[PDB]
Amino acid sequence: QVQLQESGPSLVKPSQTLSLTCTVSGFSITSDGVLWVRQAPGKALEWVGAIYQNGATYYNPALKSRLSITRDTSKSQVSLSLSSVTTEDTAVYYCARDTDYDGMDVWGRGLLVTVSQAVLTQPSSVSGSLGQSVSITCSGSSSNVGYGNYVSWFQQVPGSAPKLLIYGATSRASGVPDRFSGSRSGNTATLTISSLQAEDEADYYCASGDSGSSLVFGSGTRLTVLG
Amino acid sequence: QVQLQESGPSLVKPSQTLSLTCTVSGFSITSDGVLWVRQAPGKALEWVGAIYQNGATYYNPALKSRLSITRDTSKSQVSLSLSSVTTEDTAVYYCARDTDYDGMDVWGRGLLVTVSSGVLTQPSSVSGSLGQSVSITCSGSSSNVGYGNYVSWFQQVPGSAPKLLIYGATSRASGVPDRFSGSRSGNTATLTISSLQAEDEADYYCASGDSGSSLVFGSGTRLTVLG
């Protein structure tokens with residue numbers, strides 16, 4: 001069974017290095033990529049960096065001056081170091097797998113760590129009755145959502161690892177009910193839920209590759225369902 | 001590090017047996033007990049059962065007819081079988097440690113299991129302003145709260161495993177700030193939070209040892225911090 005688990009200090013002093021480890025089981029670090037994502041309290045998901053099958057690394061430009069990601073293939077381990085931390089780096093840090101054909105499908109449950117340019121627009125809130133169709137659009141640019149078929153959607157019940165819904169703009173992730181659909185009209189991508197159910201009440205995030213070989217998340221959408 | 005993890009299938013058809021394994025590391029199942037707790041979506045915590053160091057087993061009288069708990073000390077595993085399942089058994093299933101002197105201090109992250117095919121009294125809600133005191137009482141009887149200093153208090157941020165605050169009515173769990181204190185007077189236990197911070201917003205559960213060698217949880221209390 002495919003498992004990822006983040007570990008390390010839950011407390012870090014300002015100006016110290018935040019060091020986390022990802023332990024992987026049920027797959028080889030040399031077959032699938034490993035991603036780091038983080039989420040500050042009451043904030044959107046933010047891509048941190050990635051390490052691929054050849055150990056090739058990619059960082060978030062805003063964190064690059066302070067990031068090191070490394071791998072130990074023999075122990076199935078990926079390491080994050082973030083230096084010069086302030087309280088702005090307090091967040092839940094997520095581990096996730098990035099596959100050839102299945103997208104960013106498996107996530108660790110996240111570790112809360114306390115320290116003591118282009119963007120994707122989403123409406124803050126959407127709502128709907130049981131059985132109703134609902135649509136959520138994320139807007140980007142020619143560089144990200146328009147740049148080709150590289151768009152993901154995620155569902156997050158807050159206090160939980162996000163869950164892949166849609167990858168490559170239109171493909172439904174394995175085990176995802178087929179009331180979820182993705183479409184894409186040039187610079188805009190749209191997730192449709194044809195028949196809203198009670199456990200669809202969650203936050204939804206658009207994510208897109210940029211030209212700059214980075215990944216960008218949207219601002220997030222709170223979906224309410226009206227009993 | 002002390003770590004517990006619940007594994008097993010997340011979907012189970014009515015009338016079949018729900019089988020879960022808890023895998024333990026950083027301590028021996030011959031030194032510390034392991035208990036199972038479950039939570040129905042938007043419901044209180046419910047004691048399932050416990051297996052101690054000698055392998056002595058205890059069950060929730062309400063679930064006893066359908067429950068088996070076993071252990072394998074060599075693989076460091078504790079098994080849970082619950083037979084004759086209905087939708088009423090749909091819940092997050094939590095594995096937790098029970099220690100001689102630290103109380104029920106470490107918890108697994110919990111596993112949701114959906115069964116599908118298609119008395120301890122707490123005030124329900126309480127509020128305080130930043131910087132101010134807040135008191136939560138749980139009412140019981142002479143067999144549970146009234147009996148010994150066997151009273152615990154938990155914090156649960158929804159989406160998250162309960163966290164131990166107080167054990168033995170009065171003693172603070174390791175790493176718990178001292179703005180949390182416990183008192184006990186007759187059939188009544190009180191948790192006091194003395195300097196409310198915004199992260200103290202959460203659900204709070206009283207739990208008590210019980211004269212029928214059982215463990216019972218209270219109805220829970222939603223705390224709000226006024227800005």
# chains A, B, ... in the order shown; residues from 1 in each chain; ligands from 1
>>> interface_residues(of="chain A", to="chain B", cutoff="8 Å", atoms="only C-alpha atoms", output="compact mmCIF listing (two decimals) with N, CA, C and O atoms, in the first residue's frame")
# COMPACT_ATOMS: atom_id res chain seq x y z
N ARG A 109 -0.22 12.89 5.73
CA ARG A 109 -1.34 13.50 6.49
C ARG A 109 -0.95 14.90 7.00
O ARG A 109 -1.86 15.62 7.48
N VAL A 157 -11.07 18.77 2.96
CA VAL A 157 -11.80 18.99 4.25
C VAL A 157 -10.80 19.56 5.25
O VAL A 157 -9.87 18.86 5.66
N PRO A 158 -10.91 20.84 5.67
CA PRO A 158 -9.85 21.45 6.48
C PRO A 158 -9.54 20.57 7.71
O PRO A 158 -10.45 19.89 8.26
N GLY A 159 -8.25 20.56 8.07
CA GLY A 159 -7.61 19.59 8.99
C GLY A 159 -7.33 18.25 8.32
O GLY A 159 -7.40 17.23 9.01
N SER A 160 -7.03 18.23 7.02
CA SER A 160 -6.78 16.98 6.26
C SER A 160 -5.97 17.25 4.98
O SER A 160 -6.08 18.35 4.39
>>> residues_around(residues="residue 96 (chain B)", least_positions_apart="4", cutoff="6 Å", atoms="only C-alpha atoms", output="PyMOL selection string")
chain B and resi 34-35+106-107
>>> write_last_selection(atoms="C-alpha atoms", output="PDB file, in the first residue's frame")
ATOM      1  CA  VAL B  34      -3.495   0.121  23.318  1.00  0.00           C
ATOM      2  CA  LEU B  35      -7.137   1.358  23.135  1.00  0.00           C
ATOM      3  CA  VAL B 106      -0.126   9.377  22.020  1.00  0.00           C
ATOM      4  CA  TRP B 107      -2.795   8.843  19.296  1.00  0.00           C
TER       5      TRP B 107
END
>>> select_by_dssp(residues="region 72-114 of chain A", states="helix (DSSP H, G or I)", output="number ranges by chain")
A: 73-75, 87-89
>>> atom_distance(atom1="CA of residue 117 (chain A)", atom2="CA of residue 95 (chain A)")
22.9 Å
>>> select_by_dssp(residues="region 69-158 of chain A", states="strand (DSSP E)", output="PyMOL selection string")
chain A and resi 69-72+77-82+91-98+111-115+125-129+134-139+151-156
>>> closest_atom_pairs(of="region 66-181 of chain B", to="region 40-54 of chain B", cutoff="10 Å", atoms="only C-alpha atoms", output="tab-separated table")
residue	atom	partner	partner_atom	distance
B:67	CA	B:49	CA	8.4
B:68	CA	B:49	CA	9.1
B:69	CA	B:51	CA	7.0
B:70	CA	B:51	CA	7.5
B:71	CA	B:51	CA	7.8
B:73	CA	B:53	CA	9.8
B:78	CA	B:51	CA	8.1
B:79	CA	B:51	CA	9.8
B:80	CA	B:49	CA	9.0
B:82	CA	B:48	CA	9.7
B:87	CA	B:40	CA	9.8
B:88	CA	B:40	CA	7.8
B:89	CA	B:40	CA	7.4
B:90	CA	B:40	CA	6.1
B:91	CA	B:40	CA	4.1
B:92	CA	B:40	CA	6.5
B:93	CA	B:40	CA	9.0
B:94	CA	B:48	CA	9.5
B:95	CA	B:50	CA	9.7
B:96	CA	B:50	CA	9.2
B:97	CA	B:50	CA	9.4
B:98	CA	B:52	CA	8.3
B:99	CA	B:52	CA	9.6
B:112	CA	B:40	CA	9.3
B:113	CA	B:40	CA	9.8
B:114	CA	B:40	CA	9.9
B:156	CA	B:45	CA	9.8
B:158	CA	B:42	CA	9.2
B:162	CA	B:45	CA	9.0
>>> write_last_selection(atoms="C-alpha atoms", output="PDB file, in the first residue's frame")
ATOM      1  CA  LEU B  67     -16.121  -7.103  19.281  1.00  0.00           C
ATOM      2  CA  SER B  68     -12.810  -9.065  19.189  1.00  0.00           C
ATOM      3  CA  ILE B  69      -9.457  -7.364  20.113  1.00  0.00           C
ATOM      4  CA  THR B  70      -6.201  -9.381  19.685  1.00  0.00           C
ATOM      5  CA  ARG B  71      -2.453  -8.589  19.669  1.00  0.00           C
ATOM      6  CA  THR B  73       3.735  -8.757  20.224  1.00  0.00           C
ATOM      7  CA  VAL B  78      -3.105  -4.862  17.747  1.00  0.00           C
ATOM      8  CA  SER B  79      -6.125  -6.074  15.718  1.00  0.00           C
ATOM      9  CA  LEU B  80      -9.749  -4.936  15.908  1.00  0.00           C
ATOM     10  CA  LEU B  82     -16.165  -5.612  14.593  1.00  0.00           C
ATOM     11  CA  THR B  87     -24.158   2.467   8.617  1.00  0.00           C
ATOM     12  CA  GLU B  88     -24.151   3.253  12.440  1.00  0.00           C
ATOM     13  CA  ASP B  89     -20.517   1.860  12.536  1.00  0.00           C
ATOM     14  CA  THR B  90     -19.290   4.435   9.911  1.00  0.00           C
ATOM     15  CA  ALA B  91     -16.676   6.454  11.916  1.00  0.00           C
ATOM     16  CA  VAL B  92     -13.050   7.634  12.220  1.00  0.00           C
ATOM     17  CA  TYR B  93     -11.292   4.791  14.133  1.00  0.00           C
ATOM     18  CA  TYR B  94      -8.436   6.010  16.393  1.00  0.00           C
ATOM     19  CA  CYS B  95      -5.688   3.844  17.850  1.00  0.00           C
ATOM     20  CA  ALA B  96      -4.168   5.253  21.130  1.00  0.00           C
ATOM     21  CA  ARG B  97      -1.548   4.261  23.783  1.00  0.00           C
ATOM     22  CA  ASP B  98      -2.414   4.037  27.545  1.00  0.00           C
ATOM     23  CA  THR B  99       0.586   4.443  29.921  1.00  0.00           C
ATOM     24  CA  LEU B 112     -12.270   6.710   8.249  1.00  0.00           C
ATOM     25  CA  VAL B 113     -14.299   3.497   7.584  1.00  0.00           C
ATOM     26  CA  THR B 114     -17.634   3.926   5.679  1.00  0.00           C
ATOM     27  CA  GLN B 156      -9.810  17.911  19.337  1.00  0.00           C
ATOM     28  CA  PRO B 158     -11.850  18.846  13.942  1.00  0.00           C
ATOM     29  CA  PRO B 162      -7.670  14.108  20.172  1.00  0.00           C
TER      30      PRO B 162
END
>>> closest_residue(among="A:155, A:188, A:124, A:16", to="residue 169 (chain A)", atoms="only C-alpha atoms")
A:188
>>> atom_distance(atom1="CA of residue 37 (chain B)", atom2="CA of residue 113 (chain A)")
26.3 Å
>>> atom_distance(atom1="CA of residue 141 (chain A)", atom2="CA of residue 32 (chain A)")
28.4 Å
>>> closest_residue(among="B:14, B:209, B:128, B:9", to="residue 116 (chain B)", atoms="only C-alpha atoms")
B:14
>>> closest_residue(among="A:89, A:178, A:100, A:46", to="residue 61 (chain A)", atoms="only C-alpha atoms")
A:46
